[PDB]
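See structure below.
Read the figures in this text as sums done on the coordinates, not as results from a lab. In this analysis, Cβ positions are derived from the backbone assuming ideal geometry, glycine residues included, and neighbour counts consider all displayed protein chains.
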Amino acid sequence: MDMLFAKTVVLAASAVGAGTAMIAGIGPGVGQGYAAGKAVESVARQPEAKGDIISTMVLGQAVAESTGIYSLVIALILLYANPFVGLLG
Amino acid sequence: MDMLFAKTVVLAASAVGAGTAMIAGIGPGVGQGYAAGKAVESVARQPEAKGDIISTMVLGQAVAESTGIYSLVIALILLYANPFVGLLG
Amino acid sequence: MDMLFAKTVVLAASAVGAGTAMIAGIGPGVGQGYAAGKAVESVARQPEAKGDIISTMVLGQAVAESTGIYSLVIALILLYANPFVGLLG
Amino acid sequence: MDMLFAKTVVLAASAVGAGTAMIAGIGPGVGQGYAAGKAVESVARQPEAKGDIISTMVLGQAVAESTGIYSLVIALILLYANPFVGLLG
Amino acid sequence: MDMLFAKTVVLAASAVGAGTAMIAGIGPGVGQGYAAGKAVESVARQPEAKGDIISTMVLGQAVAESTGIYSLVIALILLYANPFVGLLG
Amino acid sequence: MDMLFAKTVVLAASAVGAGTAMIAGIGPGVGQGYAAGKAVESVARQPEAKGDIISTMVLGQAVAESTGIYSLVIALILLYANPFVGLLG
Amino acid sequence: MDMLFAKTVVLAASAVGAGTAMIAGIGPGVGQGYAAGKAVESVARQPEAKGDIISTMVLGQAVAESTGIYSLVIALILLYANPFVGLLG
Amino acid sequence: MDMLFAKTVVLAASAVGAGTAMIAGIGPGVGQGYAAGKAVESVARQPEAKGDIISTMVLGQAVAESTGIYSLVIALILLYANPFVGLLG
Amino acid sequence: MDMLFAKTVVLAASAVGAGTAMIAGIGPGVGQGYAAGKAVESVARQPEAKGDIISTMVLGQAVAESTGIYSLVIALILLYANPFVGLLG
Amino acid sequence: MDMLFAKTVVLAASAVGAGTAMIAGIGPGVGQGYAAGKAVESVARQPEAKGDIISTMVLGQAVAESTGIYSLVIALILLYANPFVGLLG
Amino acid sequence: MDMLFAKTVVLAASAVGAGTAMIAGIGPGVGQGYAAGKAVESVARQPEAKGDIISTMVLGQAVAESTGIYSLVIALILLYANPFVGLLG
Ligand SMILES: CCCCCCCCCO
Ligand SMILES: CCCCCCCCCO
Ligand SMILES: CCCCCCCCCO
Ligand SMILES: CCCCCCCCCO
Ligand SMILES: CCCCCCCCCO
Ligand SMILES: CCCCCCCCCO
Ligand SMILES: CCCCCCCCCO
Ligand SMILES: CCCCCCCCCO
Ligand SMILES: CCCCCCCCCO
Ligand SMILES: CCCCCCCCCO
Ligand SMILES: CCCCCCCCCO
Ligand code: NA
Ligand code: NA
Ligand code: NA
Ligand code: NA
Ligand code: NA
Ligand code: NA
Ligand code: NA
Ligand code: NA
Ligand code: NA
Ligand code: NA
Ligand code: NA
């Protein structure tokens, strides 16, 4: 193989791999939306708990975000700091 | 490989990768719709908290939107600021 | 590669990418339908609140629509303002 | 490439793209069925709210339909007003 | 390309596209089954509402059916009124 | 292309298309099982309502079955009344 | 094409098609398990109505099984009464 | 084609088909786990029903297992009693 | 075909088939986690019945595990007791 | 085939197989998160049974982890103790 | 095969495998978001137990994170400590 062909196929696979990783983003959208619904329900019933409600919502939602960030980091590595092109030849 | 062939396959993979990333959009639609349902329930029950209900709904929904935006950004990079074509040759 | 072959494969991948992006439309249908169910249950108990119920339903449903629109925009770019064909050669 | 080969591969990809877009139809079926179930439960407890129940059900269900329509439009463009065949050569 | 080869690949893709579109049928089965479950609980508790329960169930279920029909129409077009074979050559 | 090659690839795609369509069967199993659970719950609490419970369960379940039948019909057409082999040559 | 090559590719596609159809089995497992859970809850509260509970559970579960059987039939046709090999040549 | 090539491709497709069929196992795990949760909840609230609870749980769970077994049987046929290799040549 | 080529493609397909079968593991994780949540709720309410809550939880969870084990067995057969390599030639 | 080509394709398939197995990890995340939510609500209600709540949560969550571990083991075998490379030639 | 071709295909498959493993991230986002919603609902009722609530939420969420981490580790091994390139030749 020539080197341009090698990079071409490794980078093409990297594009597919990056987009596939981003499918993980479904999870945080579902879970965080649930937490938001419960926060809405609680502050209508208890306006006085609005600090605790919102601070607790944000903490718990932040934890649920992490796997969306992991996928994003893997995608950005593949696009901008691609680790395979340097292993070639 | 010639250079037109190299770009052709890298850009074709980028189109597939971009569309695949957008599958993440399922999540925010599910979660944010749940939050909207709880907000509807709560206005009817306690009309006086409409202000808090809606502001809390929008904050929590904004957080649930983020992974849909991340996918969108990855797709737009692949289509409009493609990082692979410049690594070629 | 000749130029017709280059466009052919880039546009074929664009068709697949566009259709795949549209899978995101599952999410808004699920979430918005939930919000509609809660609106129905509340109108029934609390007709004095039909105003707020429906306006709140529509606002929250509008937010849940956004990722379905993002996919639609990516699909229409790929079909009607294709950004790859101009990068070729 | 000859022109018949170019059209053949672009149209074959368009067929796959169209069918894939239609997977979005899962969402409206799930969400609208939920809204129908809530409408049933309320007409039987509150026969006097049948007008508001059904009109609210239909409005909210109409909103949940939109992403199923978007996919259908993309599929029908690819089959009947295909935008790629004219970009060729 | 010869013309038999062109039709062969376009029709093969059409078969895959048609079957893929039919995956949408998951949605109506889930949503309509939910609506049926609510109708069952309701007639038991409020048998003097049977007429409304069942008529409301059927109306709301009919709306939830539509995206299953759209997929079916796309599949039957691809199999029986295939729009690509005539664009060839 | 020779004619045996043409039929071979069209029929191979038909087999894949048929099996893929059958994935729709997930939906009716989920929804109809829900309806069955509600029927069980109601006959235990209201044994004297068994008549309307079971007739309502079966009607609503029948409606939820339809998209599973549509997929089955598409699969059986592709296997036993294949519409593509006759369009060839 | 020779005839062994024709059968080889048609039967290979049939194996993939058969396994794919079997994915439908997810649905009955989910729905029937729900119905079983409701039956358990119900006998605990109404020991007396065990006869009806169980007979209703089994009837409703039988209906939810049907699409799992349809997929199984399509798979067994493709493996043991394959309809494509006889259309060849 | 030679005969070793024919068997190679039919058996490779059989391996993919077998693994794909096993995806059905998701369903019974979800449904049976639900039934187990309800059994747990009811042993607490009504300890005089432990016998009915567990026997009903196991019956209903057995029914929910069937589609996981069907997939398993199809996989084991493809691996150990492969029906395609004998149709060859 | 030579024999090394035959084994290579059969074993490559076996690796893909094995990994695909393992997707079934989603189901037990979902269902068993539900059962664990109900057990947590039933001990809190009745700390004194901890032994029958837990014995029922474990029995019902064991049943929900079975399809995860079936997939695991199919994967381990394909990797360590591969049935296809001996059918070759 | 030469031996480097044989290993190359078997190891490439092993990488795809390993990543696919890891999709199973969705299940434990969903189920274990449910169990955690129930533990949180139960310690709010009942601070006495906290030891029991947490010990029950951890036991039930451990059981729900197992299929995530099985996939992980299959992936690590394919990457670090690959059983196919030794069957070659 | 030459050695550059061998590495190229093994690394391209590794990119696809890595991205696919990251799909597991859906699970923790869903489950952890649920746990966050319950934590919100419970502080508002029981402000006095915020201690217990948040520490229990974080412990249970940490357990639900594990399979997202496993996928991440497999992806980072494939990208940065690739075990296949050294088995080659
Ligand atoms: C999924 C990986 C795509 C890599 C395709 C490269 C094809 C190049 C052919 O010359
Ligand atoms: C999924 C990546 C698609 C790349 C296909 C390129 C094929 C070019 C063949 O000449
Ligand atoms: C998924 C991308 C499809 C691109 C296929 C191009 C194949 C042309 C072969 O000569
Ligand atoms: C998914 C896109 C299908 C296009 C396949 C075209 C293959 C023609 C080969 O000569
Ligand atoms: C998914 C589209 C299938 C089209 C395959 C055609 C292959 C013909 C090769 O000669
Ligand atoms: C998915 C459609 C399968 C068709 C593959 C035909 C391959 C024949 C190659 O000569
Ligand atoms: C999915 C259908 C598989 C058919 C592959 C046949 C390939 C034979 C190549 O020579
Ligand atoms: C999915 C079916 C795999 C069959 C691949 C056979 C390829 C052999 C090529 O010579
Ligand atoms: C999914 C099965 C993979 C088999 C691919 C074998 C390709 C060998 C080509 O020479
Ligand atoms: C899914 C398995 C990938 C194996 C691809 C091997 C292709 C090598 C071609 O030279
Ligand atoms: C899914 C694995 C992608 C490997 C494709 C390699 C194709 C190289 C052809 O020369
Ligand atoms: Na997380
Ligand atoms: Na988010
Ligand atoms: Na949105
Ligand atoms: Na919509
Ligand atoms: Na509809
Ligand atoms: Na229907
Ligand atoms: Na059925
Ligand atoms: Na069953
Ligand atoms: Na089981
Ligand atoms: Na387990
Ligand atoms: Na875990």
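Some notes on this structure:
- Largest mean-square fluctuation among H:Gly19, H:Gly51, H:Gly33, in a Gaussian network model of chain H whose springs join Cα atoms under 10 Å apart, belongs to H:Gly51.
- Net dipole in debye of region F:1-82 [+1 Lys, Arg Cβ; -1 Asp, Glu Cβ; about Cα centre; nearest 20]: 60 debye
- Centre separation in Å (Cα based) which lies between region E:1-57 and region J:1-75: 33 Å
- Residue with peak Gaussian network fluctuation, chain E [Cα springs, cutoff 10 Å], from E:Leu78, E:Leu11, E:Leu59: E:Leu59
- Chain J: calculated mean residue ellipticity at 222 nm from DSSP helix runs of at least 4, using -39500 (n - 2.57): -27500 deg cm²/dmol
- Cβ-defined net charge surrounding H:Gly33, 11 Å radius [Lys, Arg +1; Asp, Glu -1]: +1
- For chain H, the longest principal axis of the Cα atoms and the long axis of helix H:26-45 meet at an angle of about 10 degrees.
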